[PDB]
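The structure appears right after this line, and notes come after that.
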Amino acid sequence: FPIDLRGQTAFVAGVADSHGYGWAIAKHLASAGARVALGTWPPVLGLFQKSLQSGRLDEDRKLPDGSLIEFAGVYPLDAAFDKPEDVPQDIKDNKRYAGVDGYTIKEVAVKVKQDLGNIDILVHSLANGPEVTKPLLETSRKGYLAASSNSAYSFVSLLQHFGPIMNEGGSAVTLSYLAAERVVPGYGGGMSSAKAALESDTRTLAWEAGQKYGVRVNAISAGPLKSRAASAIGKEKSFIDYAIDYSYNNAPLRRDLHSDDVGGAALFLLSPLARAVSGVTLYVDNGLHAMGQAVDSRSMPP
Amino acid sequence: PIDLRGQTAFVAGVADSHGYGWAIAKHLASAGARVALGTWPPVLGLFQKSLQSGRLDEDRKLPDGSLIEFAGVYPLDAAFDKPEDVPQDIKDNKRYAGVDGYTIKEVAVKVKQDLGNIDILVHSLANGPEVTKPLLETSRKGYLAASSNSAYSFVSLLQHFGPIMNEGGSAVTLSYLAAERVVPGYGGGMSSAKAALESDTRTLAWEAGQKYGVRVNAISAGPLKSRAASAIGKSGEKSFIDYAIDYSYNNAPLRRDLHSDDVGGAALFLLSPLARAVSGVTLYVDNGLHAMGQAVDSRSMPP
Amino acid sequence: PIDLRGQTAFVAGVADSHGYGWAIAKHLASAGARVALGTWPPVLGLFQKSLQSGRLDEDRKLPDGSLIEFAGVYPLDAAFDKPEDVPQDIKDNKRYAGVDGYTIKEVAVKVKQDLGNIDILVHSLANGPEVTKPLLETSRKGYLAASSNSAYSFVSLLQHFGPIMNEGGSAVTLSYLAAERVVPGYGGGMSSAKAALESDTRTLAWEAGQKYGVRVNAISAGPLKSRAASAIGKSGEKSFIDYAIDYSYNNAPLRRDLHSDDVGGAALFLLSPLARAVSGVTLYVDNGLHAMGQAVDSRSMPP
Amino acid sequence: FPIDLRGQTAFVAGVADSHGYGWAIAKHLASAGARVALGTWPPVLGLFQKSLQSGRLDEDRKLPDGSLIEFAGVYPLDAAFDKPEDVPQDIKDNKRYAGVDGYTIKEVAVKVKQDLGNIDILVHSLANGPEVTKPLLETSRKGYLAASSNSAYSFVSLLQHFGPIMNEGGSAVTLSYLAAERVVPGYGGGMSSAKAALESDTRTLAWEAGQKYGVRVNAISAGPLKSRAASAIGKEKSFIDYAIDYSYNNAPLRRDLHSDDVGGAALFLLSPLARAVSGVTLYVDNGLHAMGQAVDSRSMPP
Ligand SMILES: NC(=O)c1ccc[n+]([C@@H]2O[C@H](COP(=O)([O-])OP(=O)(O)OC[C@H]3O[C@@H](n4cnc5c(N)ncnc54)[C@H](O)[C@@H]3O)[C@@H](O)[C@H]2O)c1
Ligand SMILES: NC(=O)c1ccc[n+]([C@@H]2O[C@H](COP(=O)([O-])OP(=O)(O)OC[C@H]3O[C@@H](n4cnc5c(N)ncnc54)[C@H](O)[C@@H]3O)[C@@H](O)[C@H]2O)c1
Ligand SMILES: NC(=O)c1ccc[n+]([C@@H]2O[C@H](COP(=O)([O-])OP(=O)(O)OC[C@H]3O[C@@H](n4cnc5c(N)ncnc54)[C@H](O)[C@@H]3O)[C@@H](O)[C@H]2O)c1
Ligand SMILES: NC(=O)c1ccc[n+]([C@@H]2O[C@H](COP(=O)([O-])OP(=O)(O)OC[C@H]3O[C@@H](n4cnc5c(N)ncnc54)[C@H](O)[C@@H]3O)[C@@H](O)[C@H]2O)c1
Ligand SMILES: Oc1cc(Cl)ccc1Oc1ccc(Cl)cc1Cl
Ligand SMILES: Oc1cc(Cl)ccc1Oc1ccc(Cl)cc1Cl
Ligand SMILES: Oc1cc(Cl)ccc1Oc1ccc(Cl)cc1Cl
Ligand SMILES: Oc1cc(Cl)ccc1Oc1ccc(Cl)cc1Cl
């Protein structure tokens, strides 16, 4: 009864597997009585579906009481496209999309409205920076704009198409990284840039969507977590691995950051306990954000 | 769900049912915490009687239909750390007659004695004698008092409770936006002392996080007509706070009445295992007012 | 005093005498810089004629009674990096007839050719086709355009000028408050793209600071009725910008008319050896509006 | 002519020697045509006076053109006291104060008004944390309150007593440190705390003083500099020495931070070039503020 989402329905954009923050959020949302629908990137939908029906993810679905998480729908969704006229021929051609239709944001909204009705909870757990491993001086207009398009406009588009089907008192969460506010070497490709805009837009949307639909809009700035999208930067030992160590050694709380930690925080920002909370960037990072200085620097002593 | 059974909390700065302290206490209990309270001695008697009568039973009802009961109500003056710090005027002050052992060190001891190690600590108190005065008209004695009562109190409170706090425990305090941007009428260096409070939340989140594995956070709240807010500007007319609430209602993303429960629940989260990777933050619980860079109802502006 | 003799600057985004770009140029020159300009090709002709006629000579007078002369006025489209990026419609666009070599790579080359390594770089341009539209009514094509023209342009500009910039050189860009807090009517994802711009200032201050020992800063400006600001909301009536200026005048610490010189001089500092330990900052040049947490002239509120 | 302060008069609180930021600010202000008066802590006034008349500081006074800096007055000033009734008997007793009167903020304001007239420029370059080397968990009410009183209220009091004698369009600068916003280990004793309040009050004063006198109010957050007050923390190799290294190795600009660097920045914030600038915290720190991560951490590689 302190968090109780029975009755409510949630849509979680960006779940391809059990290793990202999206999975964890969906897991907790569901754990609280909500109906949870996923939006899944089409090229990877096939393998995800397999994973689920094979019983290969039955461990990662175990809710505290042994029950397994049901998903009330798993929708093809490419949040780089707002509507049909936007999808290139080479994508409709592309083998990997071959099989499913109705995967633009406008179309997924429409599918969800009539399959499930109005929703309560909207989760944006997805980014894509083609040139993430390039520093800004080496990132191209096209790679920068793609990172913006995939990782920030995607959120605005989602709100634009889901807010009309969202109940008054609904809530929406997205996910940033500290790079948005402060320099993080290695996080390139205009991703820092895009996250900064994701944060700005979390504020503007909180306003526009607060007034138009009474729907809250918040962000979590989250610490490093070895998701599959995170392992692919530098694709040996790599961006995320060093990120995890740096935070272990320098954060106020010395502990492993678990995907569920963001899961819990998301649950709060999407629950009635947060009815007065909007426009916020909430740090879920063991407190790393609060430091002005490394405590494991070579430039002092151990 | 979130489950605080087995856990004990001390909420400091509870004298009535109208405070953010009350609402927080009411939410820790409804999640199954044991809740002991801290109450400024001058008003302890009138508070004890309010509970004991039954006047607060409306305000005491939890979701399950039962009634919050407290596990001890401690006299507490957060302006004092030790009994040597209490001056003669207060020892022999008529408002403080009957009450004993209310300095921070002593309360922390009796709380250890009577209850054992706590898990949760709330700092929900403030006081600045010259709050009505702008900063250009505020004195060293009163500004320093504002810092003493509203900022340092949180430092001492952590210092003296930290040791009796379980690994993975939480402390949270309460600020107002004025700490980051100017809110007129929020005077007496309360603005100053809330910025200090926020800074200390970060610094202590480090210190207490490294030493005790305790989390430390701050909720920056929006306007609420609590007893203390009513006292600001006091005549008997539409006060500082009335205008704050009106302004927020008219300029916040969410057009809404902020209720003490709204913070109750925001805090509940912060003091719960759901927040175990959250520390050192300033969580705006203000209907989104903080995010605005411009009032919408300005007279420069059309409706 | 501060002395820019021997130094050369390229100020990008100058088509009239009403812009913040103009005022900055006018201040670099009055400190004895050589100032070459960047001008969007569609308006280059009308700009060249304005200077050449003598219509701007009022706007051209420096403190010493003389007249700013420019060391070359380059056609520049910051939406394009290379001549392969320019599409056929623009190649054969009537507004672009006569002008050649205006992509960022090419301008940086001719600037190297004609003048050598520069010391100072100003980014004073923005464009977002759907600026009148709130974000909930903004398109991917237009939001992306806003980022392309107003944010990435600064990245490319540094990328392509960095190499021809002297150790200890400066670049500065221009933002608006909306990047941090909501300013209604500032739409089309201009808000979004200014936040990106500010973030990149920090990231590039690192990157360019480590590689070139170049500084990189951002002035967050207050409202000014420049040509581009007048175009926002355009009917023929009291516009978005008129209300911005009124609001600021009524709610800023300093009750004052913000003039383009106010930024001219703030920037001058940032691009001068006085600022050699300053990099990655967002300097509010806004009569102190940014510091406020509440409008004073709200209709919730009494005069 | 780009900065030209001839005619104007400045008062610089907190100059005891040629090694602090106060000296540098005063040096540049004077360098620009201003009359510059100093407020100097009484216990150290004697030695300072000596230093100046002995010709021992004639190097540090050399302005670019070889001319030497004149000071239009050097006032006893203990900014822990607002007015005569506030000074304890043991301080009036104290040998070190024995010799000079009129050293409270109210009295120095009054002395300056009639010796020099109305002023234009006010500089607050002073702090004192009795327990700076103690972390916050170990700092006492008294030490915390003293750090607040010395380093933050001091500024409010100065504005309170100088603003009445300040010309419209005047300007005022104080000096913070990054500890105010983000955790810096070693900077204890409630100094972080006080600086946070110094920043808050720079904003509130910009408002109160903007409206009441048309006087601007700004802060510089400055990087580490081996002033004499800075050498006394840890009083061997110590807080400031490590601070200087950490910033050398981790800041966007890899260069020595010189007292003049803050001097220049101060000059700007106190000049007509800043007439639209108020309420600001201006970072003069080689860009250290902008980083979210050390680049010399043990937790990666070199
Ligand atoms: N893992 C971390 O350390 C970390 C830290 C901070 C923030 N984040 C953020 O959290 C979010 C999820 O990241 P994660 O680590 O859980 O990654 P993840 O491995 O869950 O996958 C990212 C997801 O986005 C999807 N995606 C990419 N392009 C898409 C498109 N065009 N349309 C629809 N979906 C697309 C993929 O299906 C994938 O599920 C990301 O936005 C990221 O910015 C992650
Ligand atoms: N009410 C609001 O609008 C609002 C907004 C933002 C922040 N806050 C903050 O929340 C906290 C709770 O206050 P509130 O608004 O709920 O009203 P309240 O009436 O509950 O708060 C005042 C309480 O603090 C206690 N107290 C005051 N001075 C004390 C002292 N010297 N020693 C010990 N206890 C003392 C009193 O007993 C009283 O119970 C305050 O710290 C305040 O800064 C309140
Ligand atoms: N005027 C204000 O109130 C205000 C406030 C805050 C920030 N700013 C910023 O300051 C900068 C200068 O603009 P301004 O207000 O001085 O007016 P302006 O009319 O001088 O700015 C527009 C200029 O940028 C150029 N430009 C526009 N799109 C371009 C493109 N795609 N490629 C190359 N050049 C292009 C134009 O030639 C034009 O000269 C802008 O970046 C803006 O974001 C202005
Ligand atoms: N040096 C640094 O690295 C550094 C970094 C950031 C900020 N600062 C700040 O700059 C300011 C000056 O510091 P600095 O390094 O130049 O120190 P400094 O060596 O110049 O001396 C501090 C000054 O404050 C004075 N003082 C102390 N208590 C006083 C009192 N009660 N009344 C009047 N004066 C008093 C002393 O006379 C001394 O001149 C300080 O406020 C400090 O917070 C210094
Ligand atoms: O934003 C992130 C930050 C971190 Cl530390 C780790 C992973 C993140 O997520 C991504 C990073 C790059 C790409 Cl291409 C895609 C994704 Cl989902
Ligand atoms: O901090 C606050 C902010 C607001 Cl808007 C309203 C009340 C607040 O709380 C206080 C303000 C002044 C005093 Cl003397 C005591 C308290 Cl508890
Ligand atoms: O950024 C700005 C902020 C303000 Cl208040 C006023 C003008 C601004 O500048 C622009 C805004 C929109 C477009 Cl299309 C182009 C430009 Cl140059
Ligand atoms: O604030 C400061 C920050 C830094 Cl890095 C260095 C020196 C500073 O200045 C002081 C620090 C402590 C005390 Cl007791 C007095 C002063 Cl003037």
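Chain lettering (A, B, ...) mirrors the order of the structure tokens, residue numbering begins at 1 for each chain separately, and ligand numbering begins at 1 in order of display.
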Please check the contacts: residues of chain C at most 6 Å away from chain D, using only C-alpha atoms, listed as a list in words.
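Within 6 Å of chain D on chain C, we get residues 202, 206, 209, 210, 253, 254, 262, 265, 266, 274, 277, 278, 279, 280, 285, 286, 287, 288 and 291 of chain C.
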Write out as number ranges by chain all residues of range 92-169 of chain B that backbone DSSP assigns to helix (DSSP H, G or I).
B: 94-96, 104-115, 135-137, 140-164
Please produce an output containing C-alpha atoms for each residue in the selection, written as a JSON list (two decimals), in the first residue's frame.
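Ended up saving to selection.json:
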[["chain", "number", "residue", "atom", "x", "y", "z"],
["B", 94, "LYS", "CA", 9.38, 29.32, 32.51],
["B", 95, "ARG", "CA", 8.69, 27.74, 29.08],
["B", 96, "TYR", "CA", 11.37, 25.11, 29.87],
["B", 104, "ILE", "CA", 21.31, 16.97, 21.02],
["B", 105, "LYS", "CA", 23.96, 14.73, 22.75],
["B", 106, "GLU", "CA", 21.47, 13.75, 25.49],
["B", 107, "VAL", "CA", 18.52, 13.03, 23.22],
["B", 108, "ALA", "CA", 20.71, 10.83, 21.03],
["B", 109, "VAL", "CA", 21.78, 8.95, 24.16],
["B", 110, "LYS", "CA", 18.22, 8.34, 25.46],
["B", 111, "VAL", "CA", 17.17, 7.35, 21.94],
["B", 112, "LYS", "CA", 20.05, 4.83, 21.91],
["B", 113, "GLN", "CA", 19.10, 3.71, 25.44],
["B", 114, "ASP", "CA", 15.33, 3.49, 24.96],
["B", 115, "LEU", "CA", 15.27, 2.19, 21.34],
["B", 135, "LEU", "CA", 19.36, 40.93, 4.37],
["B", 136, "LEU", "CA", 20.34, 44.58, 4.17],
["B", 137, "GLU", "CA", 18.45, 44.99, 7.47],
["B", 140, "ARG", "CA", 24.88, 39.37, 12.81],
["B", 141, "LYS", "CA", 23.14, 38.05, 15.98],
["B", 142, "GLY", "CA", 20.00, 37.05, 14.04],
["B", 143, "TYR", "CA", 21.64, 35.79, 10.86],
["B", 144, "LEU", "CA", 23.94, 33.67, 13.00],
["B", 145, "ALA", "CA", 20.94, 32.40, 14.91],
["B", 146, "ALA", "CA", 19.27, 31.46, 11.64],
["B", 147, "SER", "CA", 22.37, 29.36, 10.74],
["B", 148, "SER", "CA", 22.62, 27.95, 14.26],
["B", 149, "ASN", "CA", 18.99, 26.79, 14.41],
["B", 150, "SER", "CA", 18.39, 25.78, 10.76],
["B", 151, "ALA", "CA", 21.83, 24.60, 9.37],
["B", 152, "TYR", "CA", 24.25, 23.64, 12.08],
["B", 153, "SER", "CA", 21.44, 21.81, 13.86],
["B", 154, "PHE", "CA", 21.51, 19.32, 11.00],
["B", 155, "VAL", "CA", 25.28, 18.89, 11.28],
["B", 156, "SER", "CA", 25.18, 18.31, 15.06],
["B", 157, "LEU", "CA", 22.18, 16.05, 14.55],
["B", 158, "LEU", "CA", 24.06, 13.84, 12.17],
["B", 159, "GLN", "CA", 27.23, 14.00, 14.31],
["B", 160, "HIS", "CA", 25.37, 12.80, 17.39],
["B", 161, "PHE", "CA", 23.11, 10.25, 15.66],
["B", 162, "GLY", "CA", 25.52, 8.93, 13.04],
["B", 163, "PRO", "CA", 27.25, 6.51, 15.39],
["B", 164, "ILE", "CA", 23.85, 5.04, 16.43]]
Name each residue within 6 Å of ligand 3, counting only C-alpha atoms and all ligand atoms, as number ranges by chain.
C: 13-15, 19-21, 39-40, 76-79, 124-127, 149, 174-176, 221-229
Output N, CA and C atoms for every residue in that selection, as a short mmCIF file (atom, residue, chain, number, x, y, z; two decimals), in the first residue's frame.
data_model
loop_
_atom_site.label_atom_id
_atom_site.label_comp_id
_atom_site.auth_asym_id
_atom_site.auth_seq_id
_atom_site.Cartn_x
_atom_site.Cartn_y
_atom_site.Cartn_z
N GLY C 13 28.35 35.60 -37.68
CA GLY C 13 26.93 35.86 -37.48
C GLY C 13 26.71 37.34 -37.36
N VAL C 14 27.18 38.05 -38.39
CA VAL C 14 27.01 39.49 -38.48
C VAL C 14 26.46 39.92 -39.84
N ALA C 15 25.21 40.40 -39.82
CA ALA C 15 24.53 40.88 -41.01
C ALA C 15 23.99 42.31 -40.86
N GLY C 19 22.70 43.51 -34.01
CA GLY C 19 22.98 42.23 -33.37
C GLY C 19 23.99 42.32 -32.25
N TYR C 20 23.96 41.31 -31.38
CA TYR C 20 25.00 41.15 -30.40
C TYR C 20 26.33 40.90 -31.10
N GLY C 21 26.32 40.28 -32.27
CA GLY C 21 27.56 40.09 -33.05
C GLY C 21 28.23 41.41 -33.41
N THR C 39 29.08 36.32 -42.44
CA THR C 39 27.74 36.78 -42.77
C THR C 39 27.00 35.77 -43.63
N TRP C 40 25.78 35.45 -43.22
CA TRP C 40 24.93 34.48 -43.92
C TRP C 40 24.69 34.95 -45.37
N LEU C 76 29.33 33.11 -45.14
CA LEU C 76 29.38 31.98 -44.22
C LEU C 76 27.99 31.39 -44.01
N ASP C 77 27.83 30.11 -44.31
CA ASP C 77 26.65 29.39 -43.86
C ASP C 77 27.07 28.31 -42.88
N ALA C 78 26.77 28.53 -41.61
CA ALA C 78 27.16 27.58 -40.56
C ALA C 78 26.33 26.30 -40.50
N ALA C 79 25.39 26.13 -41.43
CA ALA C 79 24.60 24.90 -41.54
C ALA C 79 25.36 23.85 -42.33
N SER C 124 28.02 33.92 -32.89
CA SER C 124 26.88 34.79 -32.65
C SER C 124 25.80 34.55 -33.71
N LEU C 125 25.36 33.30 -33.83
CA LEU C 125 24.31 32.95 -34.78
C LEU C 125 23.46 31.80 -34.25
N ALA C 126 22.21 31.81 -34.70
CA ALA C 126 21.19 30.87 -34.30
C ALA C 126 20.11 30.89 -35.38
N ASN C 127 19.42 29.78 -35.52
CA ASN C 127 18.27 29.73 -36.38
C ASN C 127 17.47 28.47 -36.06
N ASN C 149 21.79 24.45 -36.72
CA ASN C 149 22.16 25.84 -37.00
C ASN C 149 22.77 26.53 -35.76
N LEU C 174 26.88 32.38 -27.65
CA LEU C 174 25.77 33.10 -27.03
C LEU C 174 24.57 32.19 -26.81
N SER C 175 24.07 32.18 -25.58
CA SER C 175 22.91 31.40 -25.21
C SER C 175 21.83 32.32 -24.62
N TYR C 176 20.73 31.70 -24.23
CA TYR C 176 19.67 32.35 -23.53
C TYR C 176 19.27 31.44 -22.35
N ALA C 221 22.76 35.58 -22.60
CA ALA C 221 22.35 36.98 -22.70
C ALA C 221 20.89 37.13 -22.32
N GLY C 222 20.54 38.36 -21.93
CA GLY C 222 19.15 38.77 -21.76
C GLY C 222 18.56 39.30 -23.06
N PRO C 223 17.28 39.70 -23.01
CA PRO C 223 16.54 40.07 -24.22
C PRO C 223 17.10 41.29 -24.92
N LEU C 224 17.24 41.21 -26.23
CA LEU C 224 17.54 42.39 -27.04
C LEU C 224 16.79 42.36 -28.38
N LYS C 225 16.15 43.49 -28.72
CA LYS C 225 15.40 43.63 -29.99
C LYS C 225 16.38 43.75 -31.17
N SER C 226 17.05 42.64 -31.50
CA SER C 226 17.86 42.52 -32.71
C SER C 226 16.93 42.16 -33.84
N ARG C 227 17.47 42.09 -35.05
CA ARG C 227 16.65 41.74 -36.19
C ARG C 227 16.03 40.37 -35.98
N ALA C 228 16.83 39.36 -35.65
CA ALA C 228 16.31 38.01 -35.39
C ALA C 228 15.26 37.92 -34.27
N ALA C 229 15.45 38.62 -33.16
CA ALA C 229 14.43 38.66 -32.11
C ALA C 229 13.08 39.26 -32.58
#
Hey, could you make a per-residue contact list for chain C against chain B with 8 Å as the cut-off, showing the nearest pair of atoms and its distance in Å to one decimal, counting only C-alpha atoms, sorted by chain and number, as a tab-separated table?
residue	atom	partner	partner_atom	distance
C:177	CA	B:293	CA	7.2
C:178	CA	B:293	CA	6.8
C:180	CA	B:293	CA	7.7
C:181	CA	B:293	CA	4.4
C:182	CA	B:292	CA	4.8
C:183	CA	B:293	CA	5.5
C:184	CA	B:294	CA	7.8
C:243	CA	B:301	CA	6.2
C:246	CA	B:300	CA	5.9
C:247	CA	B:300	CA	5.3
C:250	CA	B:300	CA	7.4
C:290	CA	B:293	CA	7.8
C:291	CA	B:181	CA	5.3
C:292	CA	B:182	CA	4.8
C:293	CA	B:181	CA	4.4
C:294	CA	B:183	CA	5.9
C:295	CA	B:295	CA	5.9
C:297	CA	B:298	CA	5.6
C:298	CA	B:298	CA	4.2
C:299	CA	B:297	CA	5.9
C:300	CA	B:247	CA	5.3
C:301	CA	B:243	CA	6.2
Those selected residues, please, written with N, CA and C atoms and delivered as a PDB file, in the first residue's frame.
ATOM      1  N   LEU C 177      18.839  32.051 -21.258  1.00  0.00           N
ATOM      2  CA  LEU C 177      18.369  31.370 -20.041  1.00  0.00           C
ATOM      3  C   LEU C 177      17.515  30.129 -20.219  1.00  0.00           C
ATOM      4  N   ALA C 178      16.709  30.114 -21.272  1.00  0.00           N
ATOM      5  CA  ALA C 178      15.760  29.014 -21.542  1.00  0.00           C
ATOM      6  C   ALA C 178      16.418  27.636 -21.556  1.00  0.00           C
ATOM      7  N   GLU C 180      18.382  26.556 -19.319  1.00  0.00           N
ATOM      8  CA  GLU C 180      18.358  26.024 -17.946  1.00  0.00           C
ATOM      9  C   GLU C 180      16.980  25.978 -17.286  1.00  0.00           C
ATOM     10  N   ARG C 181      16.161  26.984 -17.579  1.00  0.00           N
ATOM     11  CA  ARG C 181      14.802  27.047 -17.072  1.00  0.00           C
ATOM     12  C   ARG C 181      13.834  27.473 -18.174  1.00  0.00           C
ATOM     13  N   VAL C 182      12.587  27.092 -17.972  1.00  0.00           N
ATOM     14  CA  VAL C 182      11.601  27.233 -19.031  1.00  0.00           C
ATOM     15  C   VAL C 182      11.306  28.711 -19.280  1.00  0.00           C
ATOM     16  N   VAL C 183      11.522  29.156 -20.524  1.00  0.00           N
ATOM     17  CA  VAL C 183      10.993  30.427 -20.986  1.00  0.00           C
ATOM     18  C   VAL C 183       9.956  30.203 -22.080  1.00  0.00           C
ATOM     19  N   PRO C 184       8.646  30.321 -21.727  1.00  0.00           N
ATOM     20  CA  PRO C 184       7.526  30.180 -22.693  1.00  0.00           C
ATOM     21  C   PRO C 184       7.683  31.055 -23.934  1.00  0.00           C
ATOM     22  N   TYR C 243       7.721  41.590 -24.890  1.00  0.00           N
ATOM     23  CA  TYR C 243       7.377  41.090 -23.567  1.00  0.00           C
ATOM     24  C   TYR C 243       8.599  40.607 -22.780  1.00  0.00           C
ATOM     25  N   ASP C 246      10.295  43.905 -21.441  1.00  0.00           N
ATOM     26  CA  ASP C 246       9.438  44.441 -20.381  1.00  0.00           C
ATOM     27  C   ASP C 246       9.575  43.609 -19.098  1.00  0.00           C
ATOM     28  N   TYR C 247       9.429  42.290 -19.229  1.00  0.00           N
ATOM     29  CA  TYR C 247       9.508  41.422 -18.073  1.00  0.00           C
ATOM     30  C   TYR C 247      10.845  41.605 -17.325  1.00  0.00           C
ATOM     31  N   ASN C 250      11.297  44.775 -15.460  1.00  0.00           N
ATOM     32  CA  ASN C 250      10.477  44.787 -14.270  1.00  0.00           C
ATOM     33  C   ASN C 250      10.854  43.757 -13.223  1.00  0.00           C
ATOM     34  N   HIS C 290      18.785  36.108 -14.041  1.00  0.00           N
ATOM     35  CA  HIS C 290      19.039  34.710 -13.732  1.00  0.00           C
ATOM     36  C   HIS C 290      19.018  34.400 -12.237  1.00  0.00           C
ATOM     37  N   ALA C 291      19.366  35.364 -11.395  1.00  0.00           N
ATOM     38  CA  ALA C 291      19.497  35.055  -9.980  1.00  0.00           C
ATOM     39  C   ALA C 291      18.160  34.969  -9.253  1.00  0.00           C
ATOM     40  N   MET C 292      17.093  35.404  -9.919  1.00  0.00           N
ATOM     41  CA  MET C 292      15.766  35.474  -9.295  1.00  0.00           C
ATOM     42  C   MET C 292      14.997  34.173  -9.268  1.00  0.00           C
ATOM     43  N   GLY C 293      14.341  33.916  -8.150  1.00  0.00           N
ATOM     44  CA  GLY C 293      13.545  32.729  -7.970  1.00  0.00           C
ATOM     45  C   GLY C 293      12.056  32.977  -7.941  1.00  0.00           C
ATOM     46  N   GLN C 294      11.646  34.125  -8.472  1.00  0.00           N
ATOM     47  CA  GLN C 294      10.292  34.646  -8.302  1.00  0.00           C
ATOM     48  C   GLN C 294      10.185  36.001  -8.985  1.00  0.00           C
ATOM     49  N   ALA C 295       9.162  36.204  -9.800  1.00  0.00           N
ATOM     50  CA  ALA C 295       8.882  37.516 -10.360  1.00  0.00           C
ATOM     51  C   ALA C 295       8.305  38.413  -9.263  1.00  0.00           C
ATOM     52  N   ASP C 297       6.626  41.396 -10.095  1.00  0.00           N
ATOM     53  CA  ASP C 297       5.392  42.012 -10.606  1.00  0.00           C
ATOM     54  C   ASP C 297       4.287  40.998 -10.929  1.00  0.00           C
ATOM     55  N   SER C 298       4.273  39.859 -10.255  1.00  0.00           N
ATOM     56  CA  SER C 298       3.217  38.894 -10.508  1.00  0.00           C
ATOM     57  C   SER C 298       1.856  39.424 -10.041  1.00  0.00           C
ATOM     58  N   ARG C 299       0.804  39.050 -10.768  1.00  0.00           N
ATOM     59  CA  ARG C 299      -0.567  39.394 -10.390  1.00  0.00           C
ATOM     60  C   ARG C 299      -1.094  38.580  -9.222  1.00  0.00           C
ATOM     61  N   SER C 300      -0.311  37.624  -8.736  1.00  0.00           N
ATOM     62  CA  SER C 300      -0.580  36.954  -7.463  1.00  0.00           C
ATOM     63  C   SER C 300      -0.164  37.858  -6.298  1.00  0.00           C
ATOM     64  N   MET C 301       0.437  38.795  -6.529  1.00  0.00           N
ATOM     65  CA  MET C 301       1.360  39.515  -5.627  1.00  0.00           C
ATOM     66  C   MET C 301       0.941  40.998  -5.525  1.00  0.00           C
TER      67      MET C 301
END
Using only C-alpha atoms, which residue out of A:136, A:63, A:295, A:30 lies closest to chain D?
A:295
Please check which protein, DNA or RNA residues sit within 6 Å of ligand 4, counting only C-alpha atoms and all ligand atoms, and write them as a ChimeraX atom specification.
/D:14-16,20-22,40-41,77-80,125-128,150,175-177,222-230
Once you count only C-alpha atoms, which residues of chain D turn out to be within 8 Å of chain A? Could you give them as a ChimeraX atom specification?
/D:178-179,181-185,242,245-246,249,289-300
Using DSSP assignments from the backbone, pull out every residue in range 148-210 of chain A that falls under strand (DSSP E or B) and give it to me as a ChimeraX atom specification.
/A:166-176,183
Residue 157 in chain A: which residues within 9 Å, counting only C-alpha atoms, same-chain residues fewer than 2 positions away excluded, as a PyMOL selection string?
(chain A and resi 79+82+105-106+152-155+159-162) or (chain C and resi 136+138-140)
Just to confirm, what's the straight-line distance from CA of residue 186 in chain A to CA of residue 235 in chain A in Å (one decimal)?
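Computing it gives 12.7 Å between the two atoms.
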Separation of CA of residue 85 in chain A from CA of residue 11 in chain A, in Å and rounded to one decimal
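About the pair CA of residue 85 in chain A and CA of residue 11 in chain A: they are 24.1 Å apart.
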